Structures are given as C-alpha cells and as structure tokens.
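>>> before I ask anything, here's the sequence and the deposited coordinates:
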Amino acid sequence: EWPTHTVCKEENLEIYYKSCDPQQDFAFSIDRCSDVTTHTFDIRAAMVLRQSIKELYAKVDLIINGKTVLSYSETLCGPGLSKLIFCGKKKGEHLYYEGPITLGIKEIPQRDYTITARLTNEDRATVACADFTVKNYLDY
C-alpha cells in the first residue's frame with residue numbers, strides 16, 4: 001500500500017519504484033534519466049534509518065516475465081569492506097545520499113523488467129527495500 005513513485009517517464013524510458021519495506025517509504029531520484037544506460041548515473045535518496053547500519057548488505061534481484069533470472073549480493077558496510085561515507089549511522093538517523101551509482105555492468109538491462117533491491121544490516125533486518133519497474137527502450 002505504499003505509493004508508486006515516478007523516477008522517469010521519457011519517450012523510451014520509464015522507471016518507477018515502490019518501497020517494499022512496510023515500515024516506511026523513501027525518496028529517490030535520478031538527475032538525468034538517460035544516464036541509466038551508461039555505466040554511471042547520479043542519484044538522490046533520502047530515508048529514515050529504522051535500523052543501525054554498522055553493517056549493510058544489498059541484495060539485488062532482476063525479475064523478467066515473473067521469473068527471477070538474476071540474484072546478486074554485495075556488502076556495502078562492514079569490517080574492511082565499507083563503501084558509503086554514511087556507514088556507521090545509528091538507528092533513527094536521517095540518511096541522505098547524492099552521488100553516482102557506478103557499475104561494473106556498462107548499462108542496466110534493456111526493455112521491461114523489475115529490480116527488487118533490498119538492503120539489510122548486521123542482524124539481517126530490513127533497512128530499505130524497493131521494487132523498481134523498468135521499461136528501457138533508450139539504447140534503441
């Protein structure tokens with residue numbers, strides 16, 4: 001029941017998200033939509049941390065035609081593996097990020113899919129969770 005937010009709606013590009021964390025919504029935006037088809041784009045994101053992020057792990061699933069075709073896990077904070085200046089934020093802090101997502105992938109996939117992006121912490125608790133809806137026909 002969280003609202004679906006429009007990140008992009010361009011001629012050949014739509015991106016939407018919805019928070020799948022029942023506790024809260026969050027705010028997300030891409031400075032230039034069409035940079036999602038390069039290997040780096042600049043984002044703005046804000047949310048309230050309900051949990052500490054001493055440790056932070058992203059799990060990223062890609063779902064196509066209802067089927068989870070890819071699953072990927074990265075540590076973002078941790079002992080010796082910290083990737084975000086706002087690692088260490090205690091419970092109750094207002095997280096902010098504006099900065100690039102870089103990318104070992106040279107571009108997000110083409111066409112119609114969903115990316116579920118779930119962040120969790122030292123205790124496996126859900127910090128943030130998004131279903132992103134992508135329709136990407138730009139590289140066309």
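Everything's here; your move. Residues are numbered from 1 along each chain as shown.

>>> measure the spatially closest residue to residue 92 that is not a sequence neighbour to residue 18 for me?
In this structure, residue 92 finds its nearest non-sequential neighbour in residue 49, 6.5 Å apart by CB to CB, 6 or more residues apart in numbering. C-beta here means a position set from N, CA and C on the backbone, and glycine is covered the same way. From residue 49 across to residue 18, the span is 19 Å (CB to CB, to the nearest Å).

>>> neighbour count: the two, which is higher?
More neighbours surround residue 49 than the other of residue 49 and residue 18, with 19 against 16 (other CB atoms under 10 Å).

>>> the more buried one contacts residue 88, doesn't it?
No. Using CB atoms under 8 Å, residue 49 is not in contact with residue 88; the gap is 10.8 Å.

>>> and for the closest residue to residue 20 other than its chain neighbours, the neighbour number?
Spatial nearest neighbour of residue 20, excluding adjacent residues (CB to CB, 6+ apart): residue 129 at 4.1 Å. Residue 129 has 19 neighbouring residues, counting by other CB under 10 Å.

>>> so residue 129 is in which element?
strand 126-136 (DSSP states H and E).

>>> list of residues touching that strand?
Under the criterion CB atoms under 8 Å, 6 or more residues apart in numbering, residues 4, 7, 12-21, 23, 26, 28, 36-37, 47, 49-51, 53, 56, 108-121 lie in contact with strand 126-136.

>>> buried only: go through those residues for me.
7, 13-19, 21, 26, 28, 36-37, 47, 49, 51, 53, 56, 108-109, 113-121 (16 or more other CB atoms under 10 Å).

>>> C-alpha coordinates for stretch 31-50, PDB please?
Once non-C-alpha atoms are left out, stretch 31-50 reads as follows in PDB (Å, rounded to 0.1, in the frame of the first residue of the first chain):
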ATOM      1  CA  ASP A  31      19.400  13.700 -12.000                       C
ATOM      2  CA  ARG A  32      19.500  12.600 -15.700                       C
ATOM      3  CA  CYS A  33      17.300   9.600 -16.600                       C
ATOM      4  CA  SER A  34      19.100   8.600 -19.700                       C
ATOM      5  CA  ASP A  35      22.400   8.100 -17.700                       C
ATOM      6  CA  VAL A  36      20.900   4.800 -16.600                       C
ATOM      7  CA  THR A  37      22.100   3.400 -20.000                       C
ATOM      8  CA  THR A  38      25.700   4.300 -19.200                       C
ATOM      9  CA  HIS A  39      28.000   2.800 -16.600                       C
ATOM     10  CA  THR A  40      27.300   5.600 -14.100                       C
ATOM     11  CA  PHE A  41      24.300   7.800 -13.100                       C
ATOM     12  CA  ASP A  42      23.900  10.400 -10.300                       C
ATOM     13  CA  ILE A  43      21.200   9.800  -7.700                       C
ATOM     14  CA  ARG A  44      19.500  11.500  -4.700                       C
ATOM     15  CA  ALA A  45      18.000   9.400  -2.000                       C
ATOM     16  CA  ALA A  46      16.600  10.100   1.500                       C
ATOM     17  CA  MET A  47      15.100   7.900   4.200                       C
ATOM     18  CA  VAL A  48      14.900   7.400   7.900                       C
ATOM     19  CA  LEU A  49      17.000   4.500   9.200                       C
ATOM     20  CA  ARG A  50      14.800   2.300  11.400                       C
END
